[PDB]
Each structure stands twice: as C-alpha cells, then as structure tokens.
>>> print(open('work.cif').read())   # mmCIF, C-alpha atoms
data_structure
loop_
_atom_site.group_PDB
_atom_site.id
_atom_site.type_symbol
_atom_site.label_atom_id
_atom_site.label_comp_id
_atom_site.auth_asym_id
_atom_site.auth_seq_id
_atom_site.Cartn_x
_atom_site.Cartn_y
_atom_site.Cartn_z
ATOM 1 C CA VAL A 299 29.772 5.896 -25.488
ATOM 2 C CA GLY A 300 26.354 4.994 -26.879
ATOM 3 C CA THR A 301 22.839 4.059 -25.802
ATOM 4 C CA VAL A 302 20.026 1.948 -27.296
ATOM 5 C CA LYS A 303 16.393 2.434 -26.237
ATOM 6 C CA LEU A 304 13.507 -0.042 -26.491
ATOM 7 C CA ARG A 305 10.829 1.501 -24.225
ATOM 8 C CA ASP A 306 10.261 4.719 -22.265
ATOM 9 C CA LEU A 307 9.068 5.635 -18.777
ATOM 10 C CA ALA A 308 5.475 4.963 -17.713
ATOM 11 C CA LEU A 309 3.353 4.871 -14.550
ATOM 12 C CA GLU A 310 0.535 2.580 -13.422
ATOM 13 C CA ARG A 311 -1.937 2.263 -10.539
ATOM 14 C CA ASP A 312 -3.861 -0.691 -9.112
ATOM 15 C CA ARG A 313 -5.917 -1.618 -6.047
ATOM 16 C CA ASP A 314 -5.605 -4.683 -3.806
ATOM 17 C CA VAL A 315 -8.611 -5.986 -1.860
ATOM 18 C CA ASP A 316 -7.075 -8.988 -0.073
ATOM 19 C CA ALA A 317 -4.794 -6.582 1.825
ATOM 20 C CA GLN A 318 -6.687 -3.239 1.646
ATOM 21 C CA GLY A 319 -3.999 -1.220 -0.093
ATOM 22 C CA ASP A 320 -2.818 0.609 -3.210
ATOM 23 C CA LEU A 321 0.128 0.293 -5.596
ATOM 24 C CA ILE A 322 2.247 2.467 -7.930
ATOM 25 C CA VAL A 323 4.921 1.276 -10.403
ATOM 26 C CA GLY A 324 7.319 2.682 -13.001
ATOM 27 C CA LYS A 325 9.625 1.021 -15.510
ATOM 28 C CA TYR A 326 11.726 1.192 -18.686
ATOM 29 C CA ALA A 327 14.330 -0.790 -20.666
ATOM 30 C CA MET A 328 17.726 0.393 -21.978
ATOM 31 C CA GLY A 329 21.278 -0.694 -22.742
ATOM 32 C CA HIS A 330 24.717 0.913 -22.571
ATOM 33 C CA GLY A 331 28.188 0.382 -24.034
ATOM 34 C CA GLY A 332 31.381 1.958 -25.341
ATOM 35 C CA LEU A 333 32.545 2.403 -28.924
ATOM 36 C CA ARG A 334 35.912 4.158 -29.442
ATOM 37 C CA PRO A 335 38.880 3.647 -27.064
ATOM 38 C CA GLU A 336 40.930 6.473 -28.647
ATOM 39 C CA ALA A 337 38.741 9.339 -27.369
ATOM 40 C CA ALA A 338 39.023 8.896 -23.599
ATOM 41 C CA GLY A 339 41.370 9.511 -20.701
ATOM 42 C CA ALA A 340 41.707 10.216 -16.998
ATOM 43 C CA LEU A 341 43.730 12.167 -14.428
ATOM 44 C CA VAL A 342 44.965 10.369 -11.305
ATOM 45 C CA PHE A 343 47.232 10.822 -8.280
ATOM 46 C CA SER A 344 50.827 9.616 -8.236
ATOM 47 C CA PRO A 345 51.591 6.462 -6.217
ATOM 48 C CA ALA A 346 52.498 7.040 -2.581
ATOM 49 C CA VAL B 299 -19.687 5.701 29.118
ATOM 50 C CA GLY B 300 -18.966 6.923 25.605
ATOM 51 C CA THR B 301 -18.029 5.991 22.050
ATOM 52 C CA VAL B 302 -16.051 7.672 19.259
ATOM 53 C CA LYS B 303 -16.402 6.838 15.555
ATOM 54 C CA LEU B 304 -13.777 7.431 12.871
ATOM 55 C CA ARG B 305 -15.422 5.480 10.026
ATOM 56 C CA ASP B 306 -18.883 3.938 9.762
ATOM 57 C CA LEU B 307 -20.147 0.620 8.402
ATOM 58 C CA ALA B 308 -19.580 -0.058 4.702
ATOM 59 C CA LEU B 309 -19.718 -2.890 2.165
ATOM 60 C CA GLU B 310 -17.593 -3.711 -0.870
ATOM 61 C CA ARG B 311 -17.444 -6.312 -3.650
ATOM 62 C CA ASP B 312 -14.700 -7.694 -5.887
ATOM 63 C CA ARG B 313 -14.070 -10.269 -8.618
ATOM 64 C CA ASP B 314 -11.496 -13.080 -8.580
ATOM 65 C CA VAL B 315 -10.286 -14.499 -11.899
ATOM 66 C CA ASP B 316 -7.812 -17.166 -10.743
ATOM 67 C CA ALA B 317 -10.414 -18.983 -8.622
ATOM 68 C CA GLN B 318 -13.596 -17.799 -10.407
ATOM 69 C CA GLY B 319 -15.370 -16.178 -7.460
ATOM 70 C CA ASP B 320 -16.417 -13.008 -5.653
ATOM 71 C CA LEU B 321 -15.748 -11.443 -2.245
ATOM 72 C CA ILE B 322 -17.801 -9.353 0.218
ATOM 73 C CA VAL B 323 -16.376 -7.309 3.118
ATOM 74 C CA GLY B 324 -17.647 -5.131 5.962
ATOM 75 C CA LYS B 325 -15.680 -2.945 8.345
ATOM 76 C CA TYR B 326 -15.585 0.004 10.764
ATOM 77 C CA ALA B 327 -13.396 1.693 13.407
ATOM 78 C CA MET B 328 -14.360 2.733 16.950
ATOM 79 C CA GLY B 329 -13.212 3.225 20.536
ATOM 80 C CA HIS B 330 -14.750 3.006 24.007
ATOM 81 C CA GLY B 331 -14.166 4.360 27.512
ATOM 82 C CA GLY B 332 -15.723 5.632 30.724
ATOM 83 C CA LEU B 333 -16.424 9.220 31.756
ATOM 84 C CA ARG B 334 -18.240 9.843 35.083
ATOM 85 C CA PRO B 335 -17.461 7.695 38.161
ATOM 86 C CA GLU B 336 -20.254 9.218 40.299
ATOM 87 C CA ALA B 337 -23.066 7.626 38.262
ATOM 88 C CA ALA B 338 -22.214 3.918 38.467
ATOM 89 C CA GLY B 339 -22.331 0.955 40.814
ATOM 90 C CA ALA B 340 -22.634 -2.795 41.183
ATOM 91 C CA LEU B 341 -24.156 -5.535 43.343
ATOM 92 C CA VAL B 342 -22.055 -8.498 44.473
ATOM 93 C CA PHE B 343 -21.995 -11.606 46.694
ATOM 94 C CA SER B 344 -20.563 -11.877 50.189
ATOM 95 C CA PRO B 345 -17.170 -13.616 50.462
ATOM 96 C CA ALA B 346 -17.189 -17.389 50.978
#
>>> encode(input="work.cif", output="structure tokens")
Amino acid sequence: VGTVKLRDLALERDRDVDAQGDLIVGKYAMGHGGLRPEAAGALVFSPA
Amino acid sequence: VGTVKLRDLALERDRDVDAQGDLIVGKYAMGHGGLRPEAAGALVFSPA
C-alpha cells in the first residue's frame, strides 16, 4: 500500500462582522492505493 | 428600580470588497427590574 502527498496540514483564523462571530479551519490533500496483491491476506470465521 | 450592565456602548468599522462600502455598528447588553415595593405609587381615574 502506498501514499502520495501534495500538501500538509495548516490552520487559519478569520472574523465575521455581519454575524458577530469567529472561524477556524484546517485542511490537506492526499491520495491512497494498493500496489502488490501477493503480500496480503486475512483470517476469517468458517461459515455457519 | 435598578439596572445591571454586562457590556457598555462601543463602535466598530469594517470594509466590504464585493459591494465597495463600509459598515458601522453600535451595541450593548443590559437588564432591568424592580426592588422596593414600599416606595412607589400611582394616580388613576375612577371607573366609567
């Protein structure tokens, strides 16, 4: 399994005057996938 | 009678960029009530 990164975590603050409030936000961007099917497995329960 | 203040009068300004203007605001917070019933009265009219 592999991962590709474009951006990292960040925080930001802002103020609103039409509603008398405050704001906080965080964000990033990533992607995931699988590479080799011959290096994986699982253990399960037998059918009832 | 009495009065209780939590915040006092204040003013504030802002800038709007999507309508090309400015804003001005004023605000406060208060509450009112009565304390002593032995120092009050009223004058009225006779019925009918």
>>> resolve_selection(input="work.cif", expression="the PyMOL selection byres ((chain B) within 12 of (chain A))", output="list in words")
residues 310, 311, 312, 313, 314, 320, 321, 322, 323, 324 and 325 of chain B
>>> residues_around(input="work.cif", residues="residue B:326", least_positions_apart="5", cutoff="10 Å", atoms="all atoms listed in the file", output="VMD selection string")
chain B and resid 303 to 309
>>> write_last_selection(input="work.cif", atoms="C-alpha atoms", output="mmCIF file, keeping the file's coordinate frame")
data_model
loop_
_atom_site.group_PDB
_atom_site.id
_atom_site.type_symbol
_atom_site.label_atom_id
_atom_site.label_comp_id
_atom_site.auth_asym_id
_atom_site.auth_seq_id
_atom_site.Cartn_x
_atom_site.Cartn_y
_atom_site.Cartn_z
ATOM 1 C CA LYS B 303 -16.402 6.838 15.555
ATOM 2 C CA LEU B 304 -13.777 7.431 12.871
ATOM 3 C CA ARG B 305 -15.422 5.480 10.026
ATOM 4 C CA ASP B 306 -18.883 3.938 9.762
ATOM 5 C CA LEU B 307 -20.147 0.620 8.402
ATOM 6 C CA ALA B 308 -19.580 -0.058 4.702
ATOM 7 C CA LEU B 309 -19.718 -2.890 2.165
#
>>> calpha_fit_rmsd(input="work.cif", fixed="chain A", moving="chain B")
0.9 Å
>>> atom_distance(input="work.cif", atom1="atom CA of residue B:332", atom2="atom CA of residue B:345")
27.6 Å
>>> residues_around(input="work.cif", residues="residue B:330", least_positions_apart="2", cutoff="7 Å", atoms="only C-alpha atoms", output="number ranges by chain")
B: 300-302
>>> atom_distance(input="work.cif", atom1="atom CA of residue B:299", atom2="atom CA of residue B:340")
15.0 Å
>>> atom_distance(input="work.cif", atom1="atom CA of residue B:318", atom2="atom CA of residue A:317")
18.8 Å
>>> axis_aligned_box(input="work.cif", around="stretch 303-307 of chain B", padding_each_side="8 Å", output="lines of an AutoDock Vina configuration file")
center_x = -17.0
center_y = 4.0
center_z = 12.0
size_x = 22.4
size_y = 22.8
size_z = 23.2
>>> decode(input="work.cif", residues="stretch 299-342 of chain B", atoms="N, CA and C atoms", output="short mmCIF file (atom, residue, chain, number, x, y, z; two decimals), in the first residue's frame")
data_model
loop_
_atom_site.label_atom_id
_atom_site.label_comp_id
_atom_site.auth_asym_id
_atom_site.auth_seq_id
_atom_site.Cartn_x
_atom_site.Cartn_y
_atom_site.Cartn_z
N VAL B 299 -36.10 50.94 41.54
CA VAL B 299 -35.77 50.24 40.31
C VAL B 299 -34.26 50.19 40.15
N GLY B 300 -33.79 49.27 39.31
CA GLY B 300 -32.36 49.07 39.13
C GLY B 300 -32.00 48.65 37.73
N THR B 301 -30.69 48.60 37.48
CA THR B 301 -30.14 48.25 36.18
C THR B 301 -28.81 47.53 36.38
N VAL B 302 -28.53 46.56 35.51
CA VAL B 302 -27.29 45.79 35.55
C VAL B 302 -26.67 45.79 34.16
N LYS B 303 -25.38 46.10 34.08
CA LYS B 303 -24.66 46.18 32.82
C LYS B 303 -23.67 45.03 32.72
N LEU B 304 -23.64 44.36 31.57
CA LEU B 304 -22.62 43.37 31.27
C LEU B 304 -21.56 43.91 30.32
N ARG B 305 -21.97 44.64 29.28
CA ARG B 305 -21.06 45.33 28.38
C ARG B 305 -21.59 46.73 28.13
N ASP B 306 -20.69 47.66 27.84
CA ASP B 306 -21.06 49.06 27.64
C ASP B 306 -21.04 49.40 26.15
N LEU B 307 -21.40 50.64 25.83
CA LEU B 307 -21.53 51.06 24.44
C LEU B 307 -20.18 51.03 23.74
N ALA B 308 -20.20 50.63 22.46
CA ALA B 308 -18.98 50.52 21.67
C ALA B 308 -19.32 50.71 20.20
N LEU B 309 -18.29 51.04 19.41
CA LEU B 309 -18.43 51.27 17.98
C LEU B 309 -17.37 50.47 17.24
N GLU B 310 -17.66 50.14 15.98
CA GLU B 310 -16.78 49.29 15.19
C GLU B 310 -17.00 49.57 13.71
N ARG B 311 -15.93 49.42 12.93
CA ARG B 311 -15.96 49.68 11.49
C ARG B 311 -15.40 48.49 10.73
N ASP B 312 -15.78 48.39 9.46
CA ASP B 312 -15.38 47.29 8.60
C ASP B 312 -15.34 47.77 7.16
N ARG B 313 -14.80 46.92 6.29
CA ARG B 313 -14.67 47.21 4.86
C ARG B 313 -15.26 46.07 4.05
N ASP B 314 -16.09 46.41 3.07
CA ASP B 314 -16.71 45.44 2.17
C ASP B 314 -16.09 45.60 0.79
N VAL B 315 -15.72 44.48 0.17
CA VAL B 315 -14.99 44.49 -1.09
C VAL B 315 -15.84 43.98 -2.25
N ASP B 316 -16.93 43.28 -1.96
CA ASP B 316 -17.84 42.83 -3.01
C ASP B 316 -18.92 43.85 -3.36
N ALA B 317 -19.18 44.81 -2.48
CA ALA B 317 -20.10 45.90 -2.76
C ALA B 317 -19.45 47.27 -2.66
N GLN B 318 -18.16 47.34 -2.34
CA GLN B 318 -17.41 48.59 -2.26
C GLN B 318 -18.02 49.56 -1.24
N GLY B 319 -18.03 49.17 0.04
CA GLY B 319 -18.61 50.03 1.05
C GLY B 319 -18.01 49.76 2.42
N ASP B 320 -18.58 50.43 3.42
CA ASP B 320 -18.17 50.31 4.81
C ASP B 320 -19.39 50.14 5.71
N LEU B 321 -19.16 49.69 6.94
CA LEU B 321 -20.22 49.41 7.90
C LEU B 321 -19.86 49.99 9.26
N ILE B 322 -20.88 50.43 10.01
CA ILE B 322 -20.72 50.97 11.36
C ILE B 322 -21.77 50.35 12.26
N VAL B 323 -21.37 49.96 13.48
CA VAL B 323 -22.23 49.20 14.39
C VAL B 323 -22.09 49.76 15.81
N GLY B 324 -23.18 49.73 16.56
CA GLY B 324 -23.13 50.00 17.99
C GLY B 324 -23.99 49.02 18.76
N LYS B 325 -23.59 48.72 20.00
CA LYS B 325 -24.24 47.65 20.74
C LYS B 325 -23.98 47.78 22.24
N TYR B 326 -24.81 47.08 23.03
CA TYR B 326 -24.63 46.92 24.47
C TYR B 326 -25.52 45.78 24.96
N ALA B 327 -25.46 45.52 26.27
CA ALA B 327 -26.26 44.49 26.93
C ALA B 327 -26.63 44.94 28.34
N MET B 328 -27.91 44.79 28.70
CA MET B 328 -28.41 45.31 29.97
C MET B 328 -29.59 44.48 30.47
N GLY B 329 -30.08 44.84 31.65
CA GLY B 329 -31.28 44.23 32.21
C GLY B 329 -31.89 45.14 33.27
N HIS B 330 -33.21 45.02 33.46
CA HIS B 330 -33.96 45.93 34.31
C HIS B 330 -34.91 45.15 35.23
N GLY B 331 -35.28 45.78 36.34
CA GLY B 331 -36.19 45.17 37.30
C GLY B 331 -36.49 46.13 38.44
N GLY B 332 -37.40 45.70 39.31
CA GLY B 332 -37.84 46.50 40.45
C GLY B 332 -37.48 45.88 41.79
N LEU B 333 -37.19 46.75 42.77
CA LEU B 333 -36.60 46.30 44.03
C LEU B 333 -37.48 46.52 45.25
N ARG B 334 -37.93 47.75 45.53
CA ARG B 334 -38.65 48.05 46.77
C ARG B 334 -40.09 48.42 46.48
N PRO B 335 -41.07 47.64 46.94
CA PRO B 335 -42.48 47.98 46.68
C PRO B 335 -43.06 49.03 47.62
N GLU B 336 -42.36 49.42 48.68
CA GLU B 336 -42.89 50.38 49.64
C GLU B 336 -42.53 51.82 49.29
N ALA B 337 -41.93 52.06 48.13
CA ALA B 337 -41.58 53.41 47.72
C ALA B 337 -42.10 53.71 46.32
N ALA B 338 -43.36 53.39 46.05
CA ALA B 338 -43.93 53.54 44.72
C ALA B 338 -45.43 53.78 44.84
N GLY B 339 -46.02 54.25 43.75
CA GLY B 339 -47.45 54.52 43.73
C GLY B 339 -47.88 55.00 42.36
N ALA B 340 -49.17 55.32 42.26
CA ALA B 340 -49.74 55.78 41.00
C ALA B 340 -51.07 56.48 41.26
N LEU B 341 -51.44 57.37 40.34
CA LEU B 341 -52.73 58.04 40.34
C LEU B 341 -53.53 57.60 39.12
N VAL B 342 -54.83 57.36 39.31
CA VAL B 342 -55.66 56.82 38.24
C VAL B 342 -56.99 57.55 38.14
#
